[PDB]
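Some notes on the structure that comes next.
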Amino acid sequence: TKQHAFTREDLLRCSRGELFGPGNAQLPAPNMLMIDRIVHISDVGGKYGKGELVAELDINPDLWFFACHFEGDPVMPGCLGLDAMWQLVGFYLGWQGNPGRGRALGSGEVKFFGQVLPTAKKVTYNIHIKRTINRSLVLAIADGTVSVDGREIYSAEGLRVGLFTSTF
Amino acid sequence: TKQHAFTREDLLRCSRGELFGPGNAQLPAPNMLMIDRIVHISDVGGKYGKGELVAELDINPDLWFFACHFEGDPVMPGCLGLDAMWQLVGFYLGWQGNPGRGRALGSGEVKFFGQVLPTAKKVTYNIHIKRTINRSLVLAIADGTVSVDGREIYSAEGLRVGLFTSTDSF
Ligand SMILES: CCCCCSc1ncn[nH]1
Ligand SMILES: CCCCCSc1ncn[nH]1
């Protein structure tokens, strides 16, 4: 029943609410959307055996955030790479067929120890689903890392995203 | 260490690199800047006795992020409120007179347990500096909370921001 890779246009469709349906998970649209394509997604395998996503974002100097962050010293904001990981975990929940709107619930340790310059080519996200809880509220817990051109730069442990039937 | 409150235009000046000077801390400019004003900043008091910042962001429905996040369900992204806390801690380091460019280093527990709708009036940030380290790299550790119209919605423990001179590597 399941598609395992998505193009930018599949994601934009999701952003309109047309991939998972109305009242279900949506990715944000530009300029908040931090994913160009989902290269792989399954509910088996991964670090913990409970699924995995691999996603990419193409970089070029003209990306909007580089001009305002910072003047004379462009660099992609860490919060945006962080948010991509939440975006992806949300996407995963909706992709599993669960109903409701997505909201990030937070995380454990987050680390930034590198940066994305405008001279980079591609950012890649790797997410490992640790647990899904299907009680009175439905939620996913995952670890994620963000890499730029092969090199690992951010990490986030215990990312939490939850789904809300009635919008918190 | 002298001025204890800043206006939006002080912050835009900072964003140009004209408040703390070249090679020192800068806030980002719009649309990444998540602060309209810093209502209070000192290096004494706060939760831990090592300083405090209180800052505000005015909300209105036409803020850019509401239109793309999400279509049919606008809500301020949590990462942006989070980033405001890092922006503020960075600002604090430069305001103390330390040299170097700011980079968020991460945090411990982050919690989102409410939201900012476009019908809100004002987001307020409260940051408590826990520790500053002035070793070979200079950095600040702080807890912060984000509130909307009086109500507490996000919290971040162990926010870390560090300063990087022209010799310091990333
Ligand atoms: C203090 C302003 C927060 C923006 C910096 S985001 C960042 N990228 C790599 N490290 N940190
Ligand atoms: C499902 C997409 C993940 C982004 C939700 S961002 C958020 N807004 C208020 N709390 N958290």
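Quick note on naming: the chains in the structure tokens go A, B, ... in the order shown, residues restart at 1 in each chain, and ligands are numbered from 1 in order of appearance.
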Taking the backbone alone, and naming residues the way the document does, which bits of region 21-157 of chain B are strand (DSSP E) by DSSP, as a VMD selection string? chain B and resid 37 to 42 52 to 58 101 to 107 110 to 112 122 to 134 138 to 148 151 to 157
With a distance cut-off of 10 Å and only C-alpha atoms, select the neighbouring residues of residue 113 (chain A), excluding the residue or stretch itself and same-chain residues fewer than 3 positions from it, and output the selection as an mmCIF file with C-alpha atoms, in the first residue's frame.
data_model
loop_
_atom_site.group_PDB
_atom_site.id
_atom_site.type_symbol
_atom_site.label_atom_id
_atom_site.label_comp_id
_atom_site.auth_asym_id
_atom_site.auth_seq_id
_atom_site.Cartn_x
_atom_site.Cartn_y
_atom_site.Cartn_z
ATOM 1 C CA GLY A 78 20.493 25.493 12.620
ATOM 2 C CA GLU A 152 27.766 15.151 9.690
ATOM 3 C CA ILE A 153 26.938 18.547 11.261
ATOM 4 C CA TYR A 154 23.835 18.412 13.500
ATOM 5 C CA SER A 155 22.307 15.707 15.723
ATOM 6 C CA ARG B 103 26.778 30.187 16.499
ATOM 7 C CA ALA B 104 24.088 28.163 18.308
ATOM 8 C CA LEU B 105 25.751 25.026 19.762
ATOM 9 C CA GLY B 106 22.491 23.240 20.735
ATOM 10 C CA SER B 169 37.067 26.558 13.665
ATOM 11 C CA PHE B 170 33.621 25.307 12.444
#
Which polymer residues have any atom within 10 Å of an atom of region 143-150 of chain A, counting only C-alpha atoms, with same-chain residues fewer than 2 positions away left out, as a PyMOL selection string? chain A and resi 47-48+52-59+78+81-82+84-86+88-89+107-112+114-117+120-130+141+152-160
Can you pull out every residue within 12 Å of residue 69 (chain A), counting only C-alpha atoms, but drop anything in the same chain fewer than 4 positions away, and send it as number ranges by chain? A: 61, 63-65, 73-80, 116-118; B: 15-17, 25-34, 87, 101-103
C-alpha atoms of the current selection, written as a PDB file, in the first residue's frame:
ATOM      1  CA  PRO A  61      23.817  30.740  -2.687  1.00  0.00           C
ATOM      2  CA  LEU A  63      18.485  30.434  -0.928  1.00  0.00           C
ATOM      3  CA  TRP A  64      16.568  33.122   0.934  1.00  0.00           C
ATOM      4  CA  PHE A  65      17.961  32.501   4.403  1.00  0.00           C
ATOM      5  CA  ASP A  73      28.575  35.899   6.733  1.00  0.00           C
ATOM      6  CA  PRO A  74      25.918  33.678   5.184  1.00  0.00           C
ATOM      7  CA  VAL A  75      25.166  30.350   6.851  1.00  0.00           C
ATOM      8  CA  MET A  76      22.040  28.198   7.004  1.00  0.00           C
ATOM      9  CA  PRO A  77      20.245  28.547  10.346  1.00  0.00           C
ATOM     10  CA  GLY A  78      20.493  25.493  12.620  1.00  0.00           C
ATOM     11  CA  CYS A  79      16.852  25.808  13.616  1.00  0.00           C
ATOM     12  CA  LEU A  80      15.903  25.218   9.971  1.00  0.00           C
ATOM     13  CA  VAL A 116      26.051  24.803   5.825  1.00  0.00           C
ATOM     14  CA  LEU A 117      27.755  27.477   3.716  1.00  0.00           C
ATOM     15  CA  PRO A 118      26.295  28.717   0.415  1.00  0.00           C
TER      16      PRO A 118
ATOM     17  CA  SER B  15      21.722  42.904  12.224  1.00  0.00           C
ATOM     18  CA  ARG B  16      23.870  45.102  10.011  1.00  0.00           C
ATOM     19  CA  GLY B  17      26.824  44.523  12.380  1.00  0.00           C
ATOM     20  CA  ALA B  25      27.824  39.148  17.334  1.00  0.00           C
ATOM     21  CA  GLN B  26      25.014  39.893  14.876  1.00  0.00           C
ATOM     22  CA  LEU B  27      21.337  39.143  15.081  1.00  0.00           C
ATOM     23  CA  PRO B  28      19.990  37.921  11.778  1.00  0.00           C
ATOM     24  CA  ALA B  29      17.851  40.296   9.661  1.00  0.00           C
ATOM     25  CA  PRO B  30      14.286  39.743   8.543  1.00  0.00           C
ATOM     26  CA  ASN B  31      12.926  37.287   7.838  1.00  0.00           C
ATOM     27  CA  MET B  32      15.036  35.268  10.301  1.00  0.00           C
ATOM     28  CA  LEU B  33      15.022  37.887  13.112  1.00  0.00           C
ATOM     29  CA  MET B  34      12.487  36.674  15.734  1.00  0.00           C
ATOM     30  CA  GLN B  87      19.349  34.729  19.030  1.00  0.00           C
ATOM     31  CA  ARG B 101      30.664  35.577  15.556  1.00  0.00           C
ATOM     32  CA  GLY B 102      27.768  33.756  17.192  1.00  0.00           C
ATOM     33  CA  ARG B 103      26.778  30.187  16.499  1.00  0.00           C
TER      34      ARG B 103
END
Excluding same-chain residues fewer than 2 positions from residue 84 (chain B), what lies within 10 Å of it counting only C-alpha atoms, as a compact mmCIF listing (two decimals) with N, CA and C atoms, in the first residue's frame?
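Once everything was written out, this is out_28.txt:
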# COMPACT_ATOMS: atom_id res chain seq x y z
N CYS A 79 18.26 26.07 13.34
CA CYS A 79 16.85 25.81 13.62
C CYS A 79 16.14 25.28 12.38
N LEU B 27 22.64 39.75 15.30
CA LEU B 27 21.34 39.14 15.08
C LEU B 27 21.15 38.97 13.58
N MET B 32 14.60 36.20 9.24
CA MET B 32 15.04 35.27 10.30
C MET B 32 15.01 35.87 11.72
N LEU B 33 15.10 37.19 11.82
CA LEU B 33 15.02 37.89 13.11
C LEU B 33 13.69 37.61 13.84
N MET B 34 13.73 36.98 15.01
CA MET B 34 12.49 36.67 15.73
C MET B 34 12.23 37.54 16.96
N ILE B 35 12.87 38.71 17.00
CA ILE B 35 12.68 39.64 18.10
C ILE B 35 12.34 41.01 17.58
N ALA B 55 12.45 39.63 26.15
CA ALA B 55 12.30 40.18 24.77
C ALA B 55 10.89 39.91 24.25
N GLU B 56 10.46 40.66 23.25
CA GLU B 56 9.11 40.51 22.71
C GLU B 56 9.12 40.43 21.19
N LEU B 57 8.14 39.73 20.66
CA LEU B 57 7.84 39.73 19.23
C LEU B 57 6.33 40.00 19.09
N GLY B 78 7.60 26.13 15.92
CA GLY B 78 8.32 26.07 17.19
C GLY B 78 9.81 26.37 17.04
N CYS B 79 10.41 25.88 15.96
CA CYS B 79 11.82 26.13 15.71
C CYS B 79 12.14 27.61 15.69
N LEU B 80 11.24 28.43 15.16
CA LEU B 80 11.45 29.90 15.18
C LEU B 80 11.45 30.49 16.61
N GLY B 81 10.56 30.01 17.48
CA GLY B 81 10.59 30.46 18.88
C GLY B 81 11.86 29.95 19.55
N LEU B 82 12.23 28.74 19.21
CA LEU B 82 13.45 28.20 19.73
C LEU B 82 14.57 29.11 19.29
N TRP B 86 18.02 31.31 21.04
CA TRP B 86 19.45 31.32 20.67
C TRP B 86 19.89 32.69 20.21
N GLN B 87 19.03 33.38 19.45
CA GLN B 87 19.35 34.73 19.03
C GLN B 87 19.64 35.57 20.27
N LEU B 88 18.79 35.45 21.29
CA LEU B 88 18.94 36.27 22.49
C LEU B 88 20.19 35.95 23.28
N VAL B 89 20.54 34.68 23.37
CA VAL B 89 21.72 34.31 24.14
C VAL B 89 22.96 34.81 23.40
N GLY B 90 22.96 34.69 22.07
CA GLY B 90 24.05 35.25 21.25
C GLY B 90 24.21 36.73 21.49
N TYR B 125 9.78 36.28 25.31
CA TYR B 125 10.83 35.35 25.66
C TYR B 125 11.46 35.75 26.99
N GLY B 144 15.45 28.91 28.83
CA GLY B 144 14.53 29.88 28.32
C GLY B 144 13.12 29.35 28.22
N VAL B 146 9.24 30.49 26.26
CA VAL B 146 8.53 31.32 25.31
C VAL B 146 7.08 31.33 25.77
Would you list the contacts of residue 147 (chain B) as a list in words, taking every protein, DNA or RNA residue within 10 Å and counting only C-alpha atoms, but skipping same-chain residues closer than 2 positions in sequence? residues 56, 81, 114, 115, 116, 122, 123, 124, 125, 126, 145, 149, 150, 151, 152, 153, 154 and 155 of chain B
Selected residues written out with C-alpha atoms, as a short mmCIF file (atom, residue, chain, number, x, y, z; two decimals), in the first residue's frame:
data_model
loop_
_atom_site.label_atom_id
_atom_site.label_comp_id
_atom_site.auth_asym_id
_atom_site.auth_seq_id
_atom_site.Cartn_x
_atom_site.Cartn_y
_atom_site.Cartn_z
CA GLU B 56 9.11 40.51 22.71
CA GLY B 81 10.59 30.46 18.88
CA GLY B 114 1.28 25.22 23.24
CA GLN B 115 1.15 27.32 20.09
CA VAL B 116 1.09 30.82 18.62
CA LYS B 122 2.52 39.18 21.52
CA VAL B 123 5.15 36.53 22.10
CA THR B 124 7.49 37.11 25.07
CA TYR B 125 10.83 35.35 25.66
CA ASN B 126 12.43 35.01 29.11
CA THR B 145 10.77 29.93 28.01
CA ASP B 149 -0.18 36.52 25.67
CA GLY B 150 0.78 35.63 29.25
CA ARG B 151 0.65 31.90 28.73
CA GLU B 152 3.81 29.72 28.87
CA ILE B 153 4.11 27.45 25.79
CA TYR B 154 7.75 26.40 25.12
CA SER B 155 10.74 25.71 27.37
#
Among region 30-124 of chain A, which ones does DSSP assign to helix (DSSP H, G or I) (computed from the backbone)? Answer as a VMD selection string. chain A and resid 64 to 68 78 to 95
Just write the chosen residues, N, CA, C and O atoms, as a PDB file, in the first residue's frame.
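Final output, saved to part-v5.pdb:
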ATOM      1  N   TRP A  64      16.982  31.885   0.282  1.00  0.00           N
ATOM      2  CA  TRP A  64      16.568  33.122   0.934  1.00  0.00           C
ATOM      3  C   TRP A  64      17.267  33.373   2.242  1.00  0.00           C
ATOM      4  O   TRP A  64      17.647  34.514   2.528  1.00  0.00           O
ATOM      5  N   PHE A  65      17.446  32.323   3.040  1.00  0.00           N
ATOM      6  CA  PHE A  65      17.961  32.501   4.403  1.00  0.00           C
ATOM      7  C   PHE A  65      19.406  32.986   4.437  1.00  0.00           C
ATOM      8  O   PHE A  65      19.825  33.575   5.440  1.00  0.00           O
ATOM      9  N   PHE A  66      20.163  32.749   3.363  1.00  0.00           N
ATOM     10  CA  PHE A  66      21.591  33.119   3.340  1.00  0.00           C
ATOM     11  C   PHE A  66      21.779  34.631   3.347  1.00  0.00           C
ATOM     12  O   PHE A  66      22.746  35.128   3.924  1.00  0.00           O
ATOM     13  N   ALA A  67      20.860  35.357   2.704  1.00  0.00           N
ATOM     14  CA  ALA A  67      20.981  36.807   2.592  1.00  0.00           C
ATOM     15  C   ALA A  67      20.748  37.523   3.921  1.00  0.00           C
ATOM     16  O   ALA A  67      21.352  38.571   4.173  1.00  0.00           O
ATOM     17  N   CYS A  68      19.859  36.988   4.764  1.00  0.00           N
ATOM     18  CA  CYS A  68      19.500  37.672   6.020  1.00  0.00           C
ATOM     19  C   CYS A  68      20.196  37.082   7.253  1.00  0.00           C
ATOM     20  O   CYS A  68      20.015  37.575   8.366  1.00  0.00           O
ATOM     21  N   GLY A  78      20.598  26.851  12.046  1.00  0.00           N
ATOM     22  CA  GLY A  78      20.493  25.493  12.620  1.00  0.00           C
ATOM     23  C   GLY A  78      19.054  25.101  12.878  1.00  0.00           C
ATOM     24  O   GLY A  78      18.666  23.957  12.632  1.00  0.00           O
ATOM     25  N   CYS A  79      18.257  26.067  13.342  1.00  0.00           N
ATOM     26  CA  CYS A  79      16.852  25.808  13.616  1.00  0.00           C
ATOM     27  C   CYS A  79      16.139  25.281  12.384  1.00  0.00           C
ATOM     28  O   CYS A  79      15.267  24.419  12.512  1.00  0.00           O
ATOM     29  N   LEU A  80      16.512  25.755  11.193  1.00  0.00           N
ATOM     30  CA  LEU A  80      15.903  25.218   9.971  1.00  0.00           C
ATOM     31  C   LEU A  80      16.259  23.741   9.719  1.00  0.00           C
ATOM     32  O   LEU A  80      15.406  22.946   9.313  1.00  0.00           O
ATOM     33  N   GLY A  81      17.494  23.360   9.948  1.00  0.00           N
ATOM     34  CA  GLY A  81      17.849  21.954   9.797  1.00  0.00           C
ATOM     35  C   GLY A  81      17.174  21.121  10.877  1.00  0.00           C
ATOM     36  O   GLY A  81      16.745  19.972  10.650  1.00  0.00           O
ATOM     37  N   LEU A  82      17.048  21.714  12.069  1.00  0.00           N
ATOM     38  CA  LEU A  82      16.328  21.048  13.136  1.00  0.00           C
ATOM     39  C   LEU A  82      14.909  20.837  12.687  1.00  0.00           C
ATOM     40  O   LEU A  82      14.393  19.728  12.810  1.00  0.00           O
ATOM     41  N   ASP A  83      14.306  21.866  12.095  1.00  0.00           N
ATOM     42  CA  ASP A  83      12.897  21.794  11.791  1.00  0.00           C
ATOM     43  C   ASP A  83      12.623  20.776  10.721  1.00  0.00           C
ATOM     44  O   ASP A  83      11.567  20.141  10.727  1.00  0.00           O
ATOM     45  N   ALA A  84      13.575  20.617   9.797  1.00  0.00           N
ATOM     46  CA  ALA A  84      13.482  19.581   8.769  1.00  0.00           C
ATOM     47  C   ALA A  84      13.304  18.216   9.411  1.00  0.00           C
ATOM     48  O   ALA A  84      12.567  17.372   8.896  1.00  0.00           O
ATOM     49  N   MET A  85      13.981  17.987  10.525  1.00  0.00           N
ATOM     50  CA  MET A  85      13.878  16.675  11.165  1.00  0.00           C
ATOM     51  C   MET A  85      12.482  16.499  11.743  1.00  0.00           C
ATOM     52  O   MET A  85      11.888  15.437  11.598  1.00  0.00           O
ATOM     53  N   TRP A  86      11.937  17.536  12.354  1.00  0.00           N
ATOM     54  CA  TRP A  86      10.560  17.429  12.804  1.00  0.00           C
ATOM     55  C   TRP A  86       9.613  17.288  11.629  1.00  0.00           C
ATOM     56  O   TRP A  86       8.625  16.532  11.696  1.00  0.00           O
ATOM     57  N   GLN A  87       9.871  18.030  10.554  1.00  0.00           N
ATOM     58  CA  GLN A  87       9.014  17.935   9.370  1.00  0.00           C
ATOM     59  C   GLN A  87       8.984  16.457   8.972  1.00  0.00           C
ATOM     60  O   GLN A  87       7.911  15.907   8.713  1.00  0.00           O
ATOM     61  N   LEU A  88      10.147  15.809   8.957  1.00  0.00           N
ATOM     62  CA  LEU A  88      10.201  14.458   8.439  1.00  0.00           C
ATOM     63  C   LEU A  88       9.475  13.487   9.342  1.00  0.00           C
ATOM     64  O   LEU A  88       8.867  12.541   8.867  1.00  0.00           O
ATOM     65  N   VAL A  89       9.562  13.688  10.656  1.00  0.00           N
ATOM     66  CA  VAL A  89       8.944  12.749  11.606  1.00  0.00           C
ATOM     67  C   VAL A  89       7.449  12.886  11.496  1.00  0.00           C
ATOM     68  O   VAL A  89       6.719  11.907  11.480  1.00  0.00           O
ATOM     69  N   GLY A  90       6.993  14.115  11.374  1.00  0.00           N
ATOM     70  CA  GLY A  90       5.561  14.359  11.102  1.00  0.00           C
ATOM     71  C   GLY A  90       5.077  13.635   9.864  1.00  0.00           C
ATOM     72  O   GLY A  90       4.033  12.993   9.880  1.00  0.00           O
ATOM     73  N   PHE A  91       5.843  13.770   8.779  1.00  0.00           N
ATOM     74  CA  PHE A  91       5.527  13.152   7.491  1.00  0.00           C
ATOM     75  C   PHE A  91       5.383  11.668   7.696  1.00  0.00           C
ATOM     76  O   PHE A  91       4.460  11.051   7.172  1.00  0.00           O
ATOM     77  N   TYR A  92       6.297  11.089   8.466  1.00  0.00           N
ATOM     78  CA  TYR A  92       6.271   9.653   8.744  1.00  0.00           C
ATOM     79  C   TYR A  92       4.959   9.236   9.402  1.00  0.00           C
ATOM     80  O   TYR A  92       4.338   8.267   8.983  1.00  0.00           O
ATOM     81  N   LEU A  93       4.505   9.988  10.402  1.00  0.00           N
ATOM     82  CA  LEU A  93       3.260   9.637  11.088  1.00  0.00           C
ATOM     83  C   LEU A  93       2.061   9.604  10.145  1.00  0.00           C
ATOM     84  O   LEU A  93       1.242   8.680  10.194  1.00  0.00           O
ATOM     85  N   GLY A  94       1.966  10.608   9.281  1.00  0.00           N
ATOM     86  CA  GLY A  94       0.865  10.704   8.320  1.00  0.00           C
ATOM     87  C   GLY A  94       0.949   9.604   7.282  1.00  0.00           C
ATOM     88  O   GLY A  94      -0.054   9.046   6.839  1.00  0.00           O
ATOM     89  N   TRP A  95       2.173   9.314   6.888  1.00  0.00           N
ATOM     90  CA  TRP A  95       2.462   8.270   5.940  1.00  0.00           C
ATOM     91  C   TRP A  95       2.081   6.915   6.469  1.00  0.00           C
ATOM     92  O   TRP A  95       1.751   6.017   5.696  1.00  0.00           O
TER      93      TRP A  95
END
